[PDB]
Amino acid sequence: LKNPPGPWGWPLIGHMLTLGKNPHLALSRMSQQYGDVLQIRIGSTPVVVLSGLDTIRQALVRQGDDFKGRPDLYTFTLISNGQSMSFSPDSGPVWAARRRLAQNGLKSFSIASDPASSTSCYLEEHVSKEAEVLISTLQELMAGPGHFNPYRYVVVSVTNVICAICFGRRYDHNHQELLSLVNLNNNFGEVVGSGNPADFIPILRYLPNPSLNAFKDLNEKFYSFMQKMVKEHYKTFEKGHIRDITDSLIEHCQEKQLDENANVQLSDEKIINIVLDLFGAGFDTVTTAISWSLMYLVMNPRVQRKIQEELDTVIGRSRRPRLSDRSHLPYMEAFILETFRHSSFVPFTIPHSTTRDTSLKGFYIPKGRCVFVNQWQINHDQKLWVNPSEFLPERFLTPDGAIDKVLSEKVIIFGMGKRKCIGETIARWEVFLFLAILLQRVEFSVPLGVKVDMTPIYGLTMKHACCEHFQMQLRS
């Protein structure tokens, strides 16, 4: 076996400067020279960057138990009181137990049928309500200012959906608490993105760092917001009426104190703070997905109509769209796939770490080695796509107008293996409904002669420059 190849790097800082502010681009160029498995250093810490579709499937799936770890990074110790299911270094049985708790909690209050309704699930009911409230809230703004920034109001609608799933409450568009955590200068993705020097340069943690201090401050608010919520739930907890994911986790803490010799490492805190990762991933990722979609629709009015054309054909305007129709709207799915692929707003997965001495593609990787997974490289690989820099939803469509299931499965944005996203289905359905309910009823546009920076801003979930020039109009 051999060591992974890689370019020369400075002895003290390594390849920190080569990455720059857009590591996904710098490491994609690098992979073109050194291949799917290459090695770098940020400061003194070695890091292995994985690219290529087959090679990544090899490591995360076929050797998933070897690459299911999390590196011991400082920024992660500041997330969820240093006991985050998703970010802590714990990758053993305690983690797997928490993961199953999250999986069941989501399934029970997202995909399961809502007792109030017969023909709808929890998720479908929530999105329909918020989608309607979103249209009304935008009609107010078109009557007055005549223009708006969609992110400010889409982030609220998306939060109420995941907030109802986790806590059993929704918030008005002007509840400070909400905006105080979601849109009030939240730099989580800014600091957690792979390659943060603070994680590899120990001195940057102690120097004047306004970005890092804001990260510690707001993370402590989240954990205090949780205590408020968990306390409000324990007080009103009805033993036979489980209301949301917070209750299903409290329900599991009760059955735990009833065991003769219960386990101590899966503490009550590590069982309750799971809702924090679900809520944090929930409102952030889906909001960014919808935001990019609106940007692509406004910058490509051609594809906007073709979506609206397929809606009028497949459904019409006599009723709102529903999940059952998702299977019969191929252009909508091709547009969502092309949004995930073109933007790749999650360019890197959360960094992984090797749980044991292993090998990959003929190279030796020791235990504890930090690993980056470059999804952006896949979604923009010249080998897999034709003109990857162009936004072409039609690339996933066959000559007869159906989804090319083989090509759609090469869009990697949710991860793979033992660590893949556990809210993938919720995201794919939630994004579909918001766009379907909206584009059936309204038409978005942006006037000529105004700057609309489509350049992504690097981070865990890449954002774009806020745009205050969006306009909405009802349809005929």
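Just so we're on the same page, rigid core means the largest C-alpha set that superposes within 1.5 Å between forms. The numbering used is simple: start at 1 and walk along the sequence shown.
- Root-mean-square C-alpha deviation from the shown form, taken over all structures in 5 other deposited structures of this protein superposed by the rigid core, is larger for 178-186 than for the alternative among 178-186 and 320-328.
- Two stretches, 101-109 and 219-227, are weighed by how far their CA atoms sit from the shown form in 5 other deposited structures of this protein after rigid core superposition; the farther one is 219-227.
- When the other compared entries with both flanking residues are checked, residue 289 is modelled in all of them, not unmodelled in a third.
- Omission of residue 307 is seen in none of the other entries compared for this protein where the adjacent residues are built, far below a third.
- Here the stretch with the larger average CA B-factor, out of 223-231 and 271-279, is 223-231.
- Higher mean CA B-factor, judged across 287-295 and 169-177 from the recorded values: 169-177.
- Between the residues 72, 90, 309, 338, the entry's highest C-alpha temperature factor is the one at 309.
- Within the selection 218, 102, 371, 350, the deposited Cα B-factor values reach their highest point at 218.
- Residue 150: CA B factor in the highest third of modelled residues in this chain (values from the PDB entry).
- When the modelled residues of the chain are ordered by their C-alpha B factor, residue 260 lands in the highest third.
- Per-chain ranking of the deposited C-alpha B factor places residue 29 in the lowest third.
- Among the modelled residues of its chain, residue 466 has a C-alpha B-factor that falls in the highest third according to the deposited record.
- Among the modelled residues of the chain, residue 367 sits in the lowest third by CA temperature factor in this PDB entry.
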